[PDB]
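Everything on this sheet refers to the single structure shown next.
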Amino acid sequence: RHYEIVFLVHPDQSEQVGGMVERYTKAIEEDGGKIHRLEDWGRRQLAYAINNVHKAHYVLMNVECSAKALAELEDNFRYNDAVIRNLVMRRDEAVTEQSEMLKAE
Amino acid sequence: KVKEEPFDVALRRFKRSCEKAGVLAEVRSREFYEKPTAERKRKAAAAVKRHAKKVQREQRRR
Amino acid sequence: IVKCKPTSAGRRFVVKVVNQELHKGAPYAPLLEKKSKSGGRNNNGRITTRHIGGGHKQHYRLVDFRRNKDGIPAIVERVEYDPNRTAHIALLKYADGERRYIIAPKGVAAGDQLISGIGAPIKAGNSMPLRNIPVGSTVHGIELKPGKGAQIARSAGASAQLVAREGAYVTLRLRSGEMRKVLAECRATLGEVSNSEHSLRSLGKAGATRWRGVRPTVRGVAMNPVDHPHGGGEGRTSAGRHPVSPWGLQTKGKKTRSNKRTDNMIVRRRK
Amino acid sequence: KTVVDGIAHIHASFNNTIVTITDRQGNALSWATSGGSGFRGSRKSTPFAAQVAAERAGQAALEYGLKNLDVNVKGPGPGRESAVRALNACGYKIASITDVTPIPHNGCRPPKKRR
Amino acid sequence: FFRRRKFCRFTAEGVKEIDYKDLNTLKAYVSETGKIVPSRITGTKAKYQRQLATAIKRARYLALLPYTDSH
Amino acid sequence: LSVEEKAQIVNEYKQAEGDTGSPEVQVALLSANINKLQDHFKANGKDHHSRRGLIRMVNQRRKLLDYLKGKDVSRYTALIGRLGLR
RNA sequence: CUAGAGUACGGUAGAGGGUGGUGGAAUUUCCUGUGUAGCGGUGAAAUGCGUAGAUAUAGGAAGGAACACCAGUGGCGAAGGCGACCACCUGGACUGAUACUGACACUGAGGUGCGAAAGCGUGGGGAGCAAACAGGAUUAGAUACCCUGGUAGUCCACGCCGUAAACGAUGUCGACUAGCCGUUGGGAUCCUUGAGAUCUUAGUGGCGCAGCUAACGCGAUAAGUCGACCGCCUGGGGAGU
Ligand SMILES: [Mg+2]
Ligand SMILES: [Mg+2]
Ligand SMILES: [Mg+2]
Ligand SMILES: [Mg+2]
Ligand SMILES: [Mg+2]
Ligand SMILES: [Mg+2]
Ligand SMILES: [Mg+2]
Ligand SMILES: [Mg+2]
């Protein structure tokens, strides 16, 4: 419970991420997990090359879902070429919105 | 990494920057594999020398 | 896997591979047909492949290798023993009848999978084209031509790894260690072949090989010069000639590949 | 053939110094080593040999121009900085000096210790 | 007293649960090459040094900070 | 063991007290944890460091059962037959 | 009866374990482009690798293990031991208030487990390192120290092995005995800005009085003062044979 999944997609696929966010969150809602934030940090340059690219599109997301949606998202990112990196996390607390993008601009 | 403005100033800034960043003593510590016993020897000896210095300086601070 | 007590001289080193997941007899009769035992003899009657003879009566299983049925989910009924293979076979049941035998993956005990196209890319046993799978996956039963059927990695415990994809070919590393390019539209099955414990086995006695169908093999040094190139001599001769096949082919370390048609499809030789 | 704004690579071991002049594509143009200057011994490891090799490499590089250089120093041995002072003496504008060094985070274990 | 004020730092404010997102704060504790600075230079408490190292490593995995000047 | 699972055992084997001190509660909690941990070590066979904790709980349970036998036999039997031990 | 011991409730810190996935520096192998005479190595040399285009340099592919900096007399674990990040289960220790069990405790001959490293059995894996082994040099001689190669092994799954300077050369548990200076993490009082101050626990370090010691030297983490239990020693070789 109370995950903070962060994943970044290919720069060429940044246009399609709007539908992908809903495509992933619909399964979480079907499982029964509410989503507390959905932030798109935008296009930024990487600190190093990941499969010979330098841009990406970070997508921040925090979820409170059972073990089934966790496994669903653990498998969906693996079998995708758009998603190049991911990091599932765990926090024993709630979620507040608008963390740092206001300061990052 | 050092950019450029006389050349001697750049040379000295490169030499000092490399020493401050490291990557010159570490290379010298990559030419022979010290066993973890020898590595714990460094940790014991440096700790003894650093803790002893903190007490020896107090004698000067009397 | 079990071990036999030395009750008799023949049981001292018998290592059996027992399983309780196999069904107790009664195979699906419609998918069985008779097979005669060749004995290593072609239509001329001459022995071509020697060291074959005897054995036990067996029925050939119509094992499905194409998996042409796409989209229809399938449910496993049971896993059965296949006399003419080292791996186990699983009996399927699609949404409307049409029971089939396939090479059982490591998935067992009434699993459900859909041999289809781009559907269900996760579970092992799913057959799909080689183009739409992630690199680095382990596959088995790889066909070399479209519609021919699975050819490579069908024995027990065998598999192959995906390593690259470019153009119409998808390179993969075989279990032998030989890199090979295969066409992208060729189907393959995710996972590993079931009976990985086959390598841990000891037949135990001389008679254990005779009901496998293999006839005893006789060395060349125990023959006369007329029979074998190694020939006879006085005492236990040291095989004074170089090691050689009965028909005069070098045995210890001589290449014998002369295809010269499919060499372009091989990236790296096994070494 | 004319190329400008090359990259100078310096590989300085404990027994030799190798100087190579390249471009942004990393294509070799002129290379010189301390052993080729004719030292072959304890004199080979001195930083003066790195200066002789560096200035010899800086003479064949003028065949293609290269009025601007980028220096990449590499290795712990002597002549790490002495070779750099032998570059601009030949009349090259050195834009930047960069430390490139293989530093394993854990890496393979190195050889055994001498006795 | 530059090392002394840095323990405050993290300790004076209610920022105990730091995050791997605040690059503006993380960059102050990373040297020019990219390696993370020690604790005796910044003077931060050992608890917050360990908490800050994990955040630096997470930001490194997310390619938000570099490892070395090589790339 | 979850908080609610502890609370359910406490409410079940409460000795008309409203408190969690008695051996009937302690042995019950230890037995519930021991039964739960059985499936963990069938998956993780080499987890020897966590194996040490289970033996500590088993020894504490056997000590508490001996103490309970040292005071009353009816209470000892009513717990052994109810938890399925010995 | 609650002072020992244990249970219930919050909250911390952790390279504490096991099952999977994913990272980037570096080494080696292979392919390709540029380029040309050495490279490598040593007290100094040689063996070796080189115009069959090496070393160096740039682009790409595969694979194995270790996890810079953080990093500390730092932390956890009964010990051995444990350093990349993430998910999964999972043990114990720590600090606070309240409620309860009401001696339920300590030790422990036999026995039952956990065992660094090496080693062995079956199956995989093969980057580096390196027993054995080959060559070169030094050497009266050199099986060695030095250099170039290099197999088992070092890695993974299951099983066996019971040994180490397995060290704090100090068995476990409980209580009293001047102080000073650090540090790990947890709470209290405190003017309130603190780079804050004092006390108190659970660890981890440096000095030090009384006491002990043959002396070195321990000295609230005693080798001081006392209690419970266990193990062990009786001159050196012979012989842990
Ligand atoms: Mg029939
Ligand atoms: Mg034969
Ligand atoms: Mg034979
Ligand atoms: Mg004969
Ligand atoms: Mg005869
Ligand atoms: Mg003949
Ligand atoms: Mg002993
Ligand atoms: Mg001893």
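Residue numbers start at 1 in each chain; chains themselves are named A, B, ... in the order of the structure tokens; ligands are numbered from 1 in the order shown.
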Selection within 12 Å of ligand 7 by only C-alpha atoms (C1' of nucleotides) and all ligand atoms, output as a PyMOL selection string: chain G and resi 162-166+240
Preceding selection exported with N, CA, C and O atoms (P, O5', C5', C4', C3', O3' and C1' of nucleotides) as a PDB file, in the first residue's frame:
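The resulting file, result_38.pdb, is shown below:
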```pdb
ATOM      1  P     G G 162      32.898 -33.648   9.877  1.00  0.00           P
ATOM      2  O5'   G G 162      33.932 -33.593  11.089  1.00  0.00           O
ATOM      3  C5'   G G 162      33.722 -32.745  12.210  1.00  0.00           C
ATOM      4  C4'   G G 162      34.224 -31.347  11.954  1.00  0.00           C
ATOM      5  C3'   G G 162      34.118 -30.378  13.122  1.00  0.00           C
ATOM      6  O3'   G G 162      35.137 -30.506  14.095  1.00  0.00           O
ATOM      7  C1'   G G 162      33.235 -29.345  11.222  1.00  0.00           C
ATOM      8  P     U G 163      35.163 -29.465  15.319  1.00  0.00           P
ATOM      9  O5'   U G 163      36.037 -28.251  14.772  1.00  0.00           O
ATOM     10  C5'   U G 163      37.433 -28.167  15.019  1.00  0.00           C
ATOM     11  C4'   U G 163      38.218 -28.114  13.734  1.00  0.00           C
ATOM     12  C3'   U G 163      39.209 -26.968  13.611  1.00  0.00           C
ATOM     13  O3'   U G 163      40.427 -27.229  14.284  1.00  0.00           O
ATOM     14  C1'   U G 163      37.964 -27.171  11.602  1.00  0.00           C
ATOM     15  P     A G 164      41.185 -26.049  15.061  1.00  0.00           P
ATOM     16  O5'   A G 164      40.966 -24.782  14.122  1.00  0.00           O
ATOM     17  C5'   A G 164      40.863 -23.479  14.671  1.00  0.00           C
ATOM     18  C4'   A G 164      41.564 -22.461  13.811  1.00  0.00           C
ATOM     19  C3'   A G 164      41.635 -21.055  14.382  1.00  0.00           C
ATOM     20  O3'   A G 164      42.697 -20.902  15.310  1.00  0.00           O
ATOM     21  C1'   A G 164      40.916 -20.955  12.133  1.00  0.00           C
ATOM     22  P     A G 165      42.410 -20.580  16.859  1.00  0.00           P
ATOM     23  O5'   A G 165      42.615 -19.007  16.961  1.00  0.00           O
ATOM     24  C5'   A G 165      43.917 -18.441  16.872  1.00  0.00           C
ATOM     25  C4'   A G 165      43.866 -16.979  16.507  1.00  0.00           C
ATOM     26  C3'   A G 165      43.581 -16.684  15.038  1.00  0.00           C
ATOM     27  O3'   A G 165      42.851 -15.463  14.927  1.00  0.00           O
ATOM     28  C1'   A G 165      45.681 -15.791  15.619  1.00  0.00           C
ATOM     29  P     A G 166      41.263 -15.478  14.694  1.00  0.00           P
ATOM     30  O5'   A G 166      40.687 -16.235  15.975  1.00  0.00           O
ATOM     31  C5'   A G 166      40.105 -17.526  15.868  1.00  0.00           C
ATOM     32  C4'   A G 166      38.624 -17.438  15.596  1.00  0.00           C
ATOM     33  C3'   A G 166      37.706 -17.626  16.794  1.00  0.00           C
ATOM     34  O3'   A G 166      37.577 -16.446  17.569  1.00  0.00           O
ATOM     35  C1'   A G 166      36.918 -18.918  14.977  1.00  0.00           C
ATOM     36  P     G G 240      51.652 -31.978  18.750  1.00  0.00           P
ATOM     37  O5'   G G 240      50.316 -32.657  18.204  1.00  0.00           O
ATOM     38  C5'   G G 240      49.035 -32.072  18.432  1.00  0.00           C
ATOM     39  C4'   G G 240      47.963 -33.124  18.602  1.00  0.00           C
ATOM     40  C3'   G G 240      46.626 -32.827  17.915  1.00  0.00           C
ATOM     41  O3'   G G 240      46.022 -34.046  17.485  1.00  0.00           O
ATOM     42  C1'   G G 240      46.276 -33.061  20.230  1.00  0.00           C
TER      43        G G 240
END
```
For ligand 2, return the neighbouring residues as a count of residues only (distance at most 10 Å; only C-alpha atoms (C1' of nucleotides) and all ligand atoms). 9
If you count only C-alpha atoms (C1' of nucleotides) and all ligand atoms, which residues end up within 8 Å of ligand 4, as a ChimeraX atom specification? /C:222-224,232-233
Can those selected residues be exported to a file as a short mmCIF file (atom, residue, chain, number, x, y, z; two decimals), in the first residue's frame so that it contains C-alpha atoms?
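The result, stored in again-v3.cif:
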```cif
data_model
loop_
_atom_site.label_atom_id
_atom_site.label_comp_id
_atom_site.auth_asym_id
_atom_site.auth_seq_id
_atom_site.Cartn_x
_atom_site.Cartn_y
_atom_site.Cartn_z
CA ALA C 222 37.99 -55.52 -30.47
CA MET C 223 37.55 -56.28 -34.20
CA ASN C 224 39.69 -57.67 -37.03
CA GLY C 232 43.10 -56.36 -34.68
CA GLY C 233 46.56 -57.14 -33.42
#
```
Name the residues, by chain letter and number, that sit within 10 Å of ligand 6 using only C-alpha atoms (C1' of nucleotides) and all ligand atoms, and give them as a list in words.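 Selection of residues at most 10 Å from ligand 6: residues 224, 225, 226, 227, 228, 229, 230, 231, 246, 247 and 248 of chain C.
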Could those residues be written to a file, using N, CA, C and O atoms, as an mmCIF file, in the first residue's frame?
```cif
data_model
loop_
_atom_site.group_PDB
_atom_site.id
_atom_site.type_symbol
_atom_site.label_atom_id
_atom_site.label_comp_id
_atom_site.auth_asym_id
_atom_site.auth_seq_id
_atom_site.Cartn_x
_atom_site.Cartn_y
_atom_site.Cartn_z
ATOM 1 N N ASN C 224 38.611 -57.286 -36.139
ATOM 2 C CA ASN C 224 39.687 -57.672 -37.034
ATOM 3 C C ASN C 224 39.928 -56.585 -38.073
ATOM 4 O O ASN C 224 39.090 -55.697 -38.257
ATOM 5 N N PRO C 225 41.079 -56.601 -38.760
ATOM 6 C CA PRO C 225 41.335 -55.559 -39.772
ATOM 7 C C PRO C 225 40.305 -55.523 -40.887
ATOM 8 O O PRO C 225 40.068 -54.448 -41.449
ATOM 9 N N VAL C 226 39.687 -56.657 -41.222
ATOM 10 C CA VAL C 226 38.675 -56.664 -42.272
ATOM 11 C C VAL C 226 37.444 -55.878 -41.840
ATOM 12 O O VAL C 226 36.781 -55.244 -42.670
ATOM 13 N N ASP C 227 37.116 -55.901 -40.548
ATOM 14 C CA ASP C 227 35.866 -55.331 -40.052
ATOM 15 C C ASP C 227 35.962 -53.821 -39.842
ATOM 16 O O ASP C 227 35.078 -53.077 -40.279
ATOM 17 N N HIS C 228 37.021 -53.362 -39.178
ATOM 18 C CA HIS C 228 37.183 -51.971 -38.782
ATOM 19 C C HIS C 228 38.554 -51.460 -39.206
ATOM 20 O O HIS C 228 39.507 -52.243 -39.269
ATOM 21 N N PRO C 229 38.693 -50.160 -39.508
ATOM 22 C CA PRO C 229 40.043 -49.631 -39.763
ATOM 23 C C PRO C 229 40.997 -49.791 -38.592
ATOM 24 O O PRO C 229 42.193 -50.020 -38.812
ATOM 25 N N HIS C 230 40.511 -49.671 -37.353
ATOM 26 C CA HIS C 230 41.375 -49.895 -36.198
ATOM 27 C C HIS C 230 41.905 -51.320 -36.176
ATOM 28 O O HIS C 230 43.080 -51.542 -35.864
ATOM 29 N N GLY C 231 41.056 -52.291 -36.491
ATOM 30 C CA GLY C 231 41.502 -53.635 -36.734
ATOM 31 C C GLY C 231 42.000 -54.345 -35.486
ATOM 32 O O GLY C 231 41.838 -53.889 -34.353
ATOM 33 N N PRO C 246 34.086 -46.264 -38.614
ATOM 34 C CA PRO C 246 34.231 -47.533 -39.349
ATOM 35 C C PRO C 246 34.408 -47.367 -40.848
ATOM 36 O O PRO C 246 35.040 -48.228 -41.472
ATOM 37 N N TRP C 247 33.877 -46.295 -41.441
ATOM 38 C CA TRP C 247 33.954 -46.069 -42.877
ATOM 39 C C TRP C 247 35.085 -45.138 -43.294
ATOM 40 O O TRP C 247 35.163 -44.786 -44.475
ATOM 41 N N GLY C 248 35.948 -44.722 -42.367
ATOM 42 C CA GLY C 248 37.133 -43.964 -42.720
ATOM 43 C C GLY C 248 36.967 -42.460 -42.631
ATOM 44 O O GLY C 248 37.472 -41.730 -43.487
#
```
Excluding residue 46 of chain B and its own-chain neighbours fewer than 6 positions away, which residues fall within 12 Å of it when counting only C-alpha atoms (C1' of nucleotides)? Please give them as a ChimeraX atom specification. /B:39-40,52-53 /G:72-73
Test item: residues lying within 10 Å of ligand 1 with only C-alpha atoms (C1' of nucleotides) and all ligand atoms, as a PyMOL selection string: chain C and resi 28-34+59
Distance-based interface of chain F with chain G, 9 Å, counting only C-alpha atoms (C1' of nucleotides), as a count of residues only: 33
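When atom CA of residue 110 of chain D is paired with atom CA of residue 34 of chain B, their separation reads 9.0 Å.
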Nearest to residue 58 of chain E by atom-to-atom distance, counting only C-alpha atoms, from E:23, E:43, E:3, E:17: E:23
Can you pull out the residues contacting residue 58 of chain C? Cut-off 8 Å, using only C-alpha atoms (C1' of nucleotides), and skip same-chain residues under 6 positions away; I want them as a ChimeraX atom specification. /C:34-35,83-84
Write out the residues from the selection above, keeping N, CA and C atoms, as a compact mmCIF listing (two decimals), in the first residue's frame.
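Dumped to out13.txt:
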```txt
# COMPACT_ATOMS: atom_id res chain seq x y z
N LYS C 34 -0.47 -45.92 -34.26
CA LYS C 34 0.59 -46.91 -34.14
C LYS C 34 1.87 -46.42 -34.82
N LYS C 35 2.99 -47.00 -34.39
CA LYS C 35 4.27 -46.78 -35.03
C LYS C 35 5.07 -48.07 -34.98
N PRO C 83 6.30 -41.69 -24.61
CA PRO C 83 7.37 -42.69 -24.75
C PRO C 83 8.49 -42.28 -25.68
N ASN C 84 8.18 -41.54 -26.74
CA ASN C 84 9.16 -41.23 -27.79
C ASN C 84 9.80 -39.86 -27.61
```
Give me, as number ranges by chain, the residues of chain A that a backbone DSSP run labels helix (DSSP H, G or I). A: 11-31, 67-78, 101-104
Could you turn the residues from that selection into a file that holds N, CA, C and O atoms, as a compact mmCIF listing (two decimals), in the first residue's frame?
```
# COMPACT_ATOMS: atom_id res chain seq x y z
N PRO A 11 11.50 9.84 -25.32
CA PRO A 11 11.14 11.18 -25.81
C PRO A 11 10.25 11.17 -27.04
O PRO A 11 9.41 12.07 -27.18
N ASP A 12 10.40 10.19 -27.93
CA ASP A 12 9.54 10.10 -29.10
C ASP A 12 8.10 9.76 -28.75
O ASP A 12 7.20 10.04 -29.55
N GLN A 13 7.86 9.15 -27.59
CA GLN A 13 6.54 8.73 -27.16
C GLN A 13 5.90 9.71 -26.17
O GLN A 13 4.87 9.38 -25.57
N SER A 14 6.48 10.90 -26.00
CA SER A 14 5.92 11.86 -25.05
C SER A 14 4.54 12.35 -25.46
O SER A 14 3.76 12.77 -24.60
N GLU A 15 4.21 12.29 -26.75
CA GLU A 15 2.90 12.77 -27.20
C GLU A 15 1.79 11.81 -26.78
O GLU A 15 0.67 12.25 -26.50
N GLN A 16 2.09 10.52 -26.72
CA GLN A 16 1.08 9.50 -26.43
C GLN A 16 0.91 9.23 -24.94
O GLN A 16 0.05 8.42 -24.57
N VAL A 17 1.70 9.87 -24.07
CA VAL A 17 1.66 9.55 -22.65
C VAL A 17 0.33 9.93 -22.01
O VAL A 17 -0.03 9.37 -20.97
N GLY A 18 -0.40 10.89 -22.59
CA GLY A 18 -1.67 11.29 -22.01
C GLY A 18 -2.67 10.15 -21.96
O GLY A 18 -3.36 9.95 -20.96
N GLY A 19 -2.78 9.38 -23.05
CA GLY A 19 -3.61 8.19 -23.04
C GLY A 19 -3.04 7.06 -22.21
O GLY A 19 -3.80 6.30 -21.62
N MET A 20 -1.71 6.95 -22.15
CA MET A 20 -1.09 5.89 -21.36
C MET A 20 -1.33 6.05 -19.87
O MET A 20 -1.48 5.05 -19.17
N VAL A 21 -1.37 7.29 -19.38
CA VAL A 21 -1.63 7.53 -17.96
C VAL A 21 -3.01 7.00 -17.58
O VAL A 21 -3.17 6.29 -16.58
N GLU A 22 -4.02 7.33 -18.38
CA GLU A 22 -5.36 6.82 -18.12
C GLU A 22 -5.42 5.31 -18.30
O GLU A 22 -6.12 4.63 -17.55
N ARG A 23 -4.70 4.78 -19.29
CA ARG A 23 -4.70 3.34 -19.54
C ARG A 23 -4.18 2.57 -18.33
O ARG A 23 -4.69 1.49 -18.02
N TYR A 24 -3.18 3.12 -17.64
CA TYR A 24 -2.65 2.48 -16.45
C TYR A 24 -3.51 2.72 -15.22
O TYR A 24 -3.72 1.81 -14.42
N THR A 25 -4.04 3.94 -15.05
CA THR A 25 -4.82 4.22 -13.85
C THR A 25 -6.20 3.56 -13.87
O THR A 25 -6.78 3.35 -12.81
N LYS A 26 -6.73 3.23 -15.05
CA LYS A 26 -8.01 2.54 -15.10
C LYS A 26 -7.91 1.15 -14.47
O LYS A 26 -8.84 0.71 -13.78
N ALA A 27 -6.80 0.45 -14.71
CA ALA A 27 -6.60 -0.85 -14.07
C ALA A 27 -6.47 -0.71 -12.56
O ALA A 27 -6.98 -1.56 -11.82
N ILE A 28 -5.82 0.35 -12.09
CA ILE A 28 -5.70 0.57 -10.65
C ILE A 28 -7.08 0.83 -10.05
O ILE A 28 -7.41 0.31 -8.98
N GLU A 29 -7.90 1.63 -10.73
CA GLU A 29 -9.25 1.89 -10.24
C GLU A 29 -10.10 0.62 -10.25
O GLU A 29 -10.90 0.40 -9.33
N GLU A 30 -9.94 -0.23 -11.27
CA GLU A 30 -10.66 -1.50 -11.29
C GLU A 30 -10.23 -2.38 -10.13
O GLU A 30 -11.06 -3.04 -9.50
N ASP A 31 -8.93 -2.40 -9.83
CA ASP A 31 -8.45 -3.15 -8.67
C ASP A 31 -9.02 -2.58 -7.37
O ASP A 31 -9.33 -3.34 -6.44
N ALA A 67 -1.88 -5.66 -3.87
CA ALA A 67 -0.78 -6.36 -4.52
C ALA A 67 -1.05 -6.68 -5.99
O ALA A 67 -0.09 -6.92 -6.73
N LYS A 68 -2.31 -6.69 -6.42
CA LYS A 68 -2.62 -7.06 -7.80
C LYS A 68 -2.24 -5.96 -8.78
O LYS A 68 -1.58 -6.24 -9.79
N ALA A 69 -2.62 -4.72 -8.50
CA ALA A 69 -2.23 -3.62 -9.37
C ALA A 69 -0.73 -3.37 -9.33
O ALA A 69 -0.15 -2.94 -10.34
N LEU A 70 -0.09 -3.64 -8.20
CA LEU A 70 1.37 -3.56 -8.13
C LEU A 70 2.01 -4.51 -9.13
O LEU A 70 2.91 -4.12 -9.88
N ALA A 71 1.55 -5.77 -9.16
CA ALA A 71 2.06 -6.73 -10.13
C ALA A 71 1.70 -6.35 -11.55
O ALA A 71 2.50 -6.59 -12.47
N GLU A 72 0.51 -5.78 -11.77
CA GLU A 72 0.12 -5.35 -13.10
C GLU A 72 1.08 -4.29 -13.64
O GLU A 72 1.57 -4.40 -14.77
N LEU A 73 1.36 -3.26 -12.84
CA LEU A 73 2.28 -2.22 -13.28
C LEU A 73 3.72 -2.70 -13.30
O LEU A 73 4.53 -2.17 -14.07
N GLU A 74 4.07 -3.69 -12.47
CA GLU A 74 5.42 -4.25 -12.52
C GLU A 74 5.67 -4.95 -13.85
O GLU A 74 6.80 -4.95 -14.35
N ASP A 75 4.62 -5.53 -14.44
CA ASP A 75 4.74 -6.25 -15.70
C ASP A 75 4.51 -5.35 -16.91
O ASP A 75 5.12 -5.58 -17.96
N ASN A 76 3.65 -4.34 -16.79
CA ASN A 76 3.36 -3.48 -17.93
C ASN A 76 4.58 -2.68 -18.37
O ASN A 76 4.83 -2.55 -19.58
N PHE A 77 5.36 -2.15 -17.43
CA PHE A 77 6.54 -1.38 -17.80
C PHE A 77 7.60 -2.26 -18.44
O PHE A 77 8.32 -1.81 -19.34
N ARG A 78 7.73 -3.52 -18.00
CA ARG A 78 8.74 -4.40 -18.57
C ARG A 78 8.45 -4.69 -20.04
O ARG A 78 9.38 -4.66 -20.86
N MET A 101 7.15 21.01 -8.37
CA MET A 101 7.15 21.56 -9.72
C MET A 101 6.89 23.06 -9.74
O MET A 101 7.33 23.73 -10.67
N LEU A 102 6.21 23.60 -8.72
CA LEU A 102 6.04 25.05 -8.64
C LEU A 102 7.39 25.75 -8.51
O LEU A 102 7.62 26.79 -9.13
N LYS A 103 8.28 25.19 -7.69
CA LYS A 103 9.62 25.74 -7.53
C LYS A 103 10.53 25.44 -8.71
O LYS A 103 11.43 26.23 -9.00
N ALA A 104 10.32 24.30 -9.38
CA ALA A 104 11.16 23.98 -10.53
C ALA A 104 10.80 24.79 -11.77
O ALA A 104 11.69 25.12 -12.56
```
From a DSSP pass on the backbone, collect the residues of chain A flagged as strand (DSSP E or B) and hand them back as a count of residues only. 33
Please determine the contact residues of chain C with respect to chain G at a cut-off of 10 Å, counting only C-alpha atoms (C1' of nucleotides), and supply them as a PDB file with N, CA, C and O atoms, in the first residue's frame.
```
ATOM      1  N   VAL C 163      18.628 -12.357 -28.240  1.00  0.00           N
ATOM      2  CA  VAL C 163      19.768 -11.465 -28.035  1.00  0.00           C
ATOM      3  C   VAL C 163      19.718 -10.212 -28.890  1.00  0.00           C
ATOM      4  O   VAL C 163      20.348  -9.203 -28.525  1.00  0.00           O
ATOM      5  N   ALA C 164      19.012 -10.195 -30.016  1.00  0.00           N
ATOM      6  CA  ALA C 164      18.979  -9.006 -30.855  1.00  0.00           C
ATOM      7  C   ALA C 164      17.792  -9.094 -31.800  1.00  0.00           C
ATOM      8  O   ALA C 164      17.237 -10.170 -32.034  1.00  0.00           O
ATOM      9  N   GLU C 197      14.806 -32.498 -15.055  1.00  0.00           N
ATOM     10  CA  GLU C 197      15.496 -33.457 -14.204  1.00  0.00           C
ATOM     11  C   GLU C 197      16.029 -34.661 -14.973  1.00  0.00           C
ATOM     12  O   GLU C 197      16.616 -35.556 -14.356  1.00  0.00           O
ATOM     13  N   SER C 199      18.559 -35.030 -16.961  1.00  0.00           N
ATOM     14  CA  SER C 199      20.011 -35.157 -16.908  1.00  0.00           C
ATOM     15  C   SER C 199      20.503 -35.847 -15.643  1.00  0.00           C
ATOM     16  O   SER C 199      21.597 -36.419 -15.659  1.00  0.00           O
ATOM     17  N   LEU C 200      19.733 -35.806 -14.559  1.00  0.00           N
ATOM     18  CA  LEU C 200      20.085 -36.447 -13.296  1.00  0.00           C
ATOM     19  C   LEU C 200      19.418 -37.819 -13.295  1.00  0.00           C
ATOM     20  O   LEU C 200      18.317 -38.002 -12.775  1.00  0.00           O
TER      21      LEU C 200
END
```
Counting only C-alpha atoms (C1' of nucleotides), which residues of chain A come no farther than 9 Å from chain G, as a ChimeraX atom specification? /A:70,74,85-90
Preceding selection exported with N, CA and C atoms as a short mmCIF file (atom, residue, chain, number, x, y, z; two decimals), in the first residue's frame:
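Below you can see again29.cif, which holds the result:
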```
data_model
loop_
_atom_site.label_atom_id
_atom_site.label_comp_id
_atom_site.auth_asym_id
_atom_site.auth_seq_id
_atom_site.Cartn_x
_atom_site.Cartn_y
_atom_site.Cartn_z
N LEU A 70 -0.09 -3.64 -8.20
CA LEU A 70 1.37 -3.56 -8.13
C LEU A 70 2.01 -4.51 -9.13
N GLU A 74 4.07 -3.69 -12.47
CA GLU A 74 5.42 -4.25 -12.52
C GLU A 74 5.67 -4.95 -13.85
N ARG A 85 12.70 3.46 -18.03
CA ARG A 85 13.10 3.28 -16.64
C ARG A 85 11.87 3.39 -15.75
N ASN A 86 11.97 2.81 -14.56
CA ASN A 86 10.90 2.89 -13.57
C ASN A 86 11.48 2.66 -12.19
N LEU A 87 10.75 3.11 -11.17
CA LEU A 87 11.18 2.93 -9.79
C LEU A 87 9.94 2.92 -8.91
N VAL A 88 9.53 1.73 -8.48
CA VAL A 88 8.43 1.58 -7.53
C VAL A 88 8.97 1.76 -6.12
N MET A 89 8.23 2.50 -5.30
CA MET A 89 8.64 2.88 -3.95
C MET A 89 7.52 2.54 -2.97
N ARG A 90 7.79 2.77 -1.69
CA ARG A 90 6.83 2.52 -0.62
C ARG A 90 7.03 3.57 0.46
#
```
Atom CA of residue 115 of chain D sits from atom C1' of residue 141 of chain G at a separation of 21.9 Å
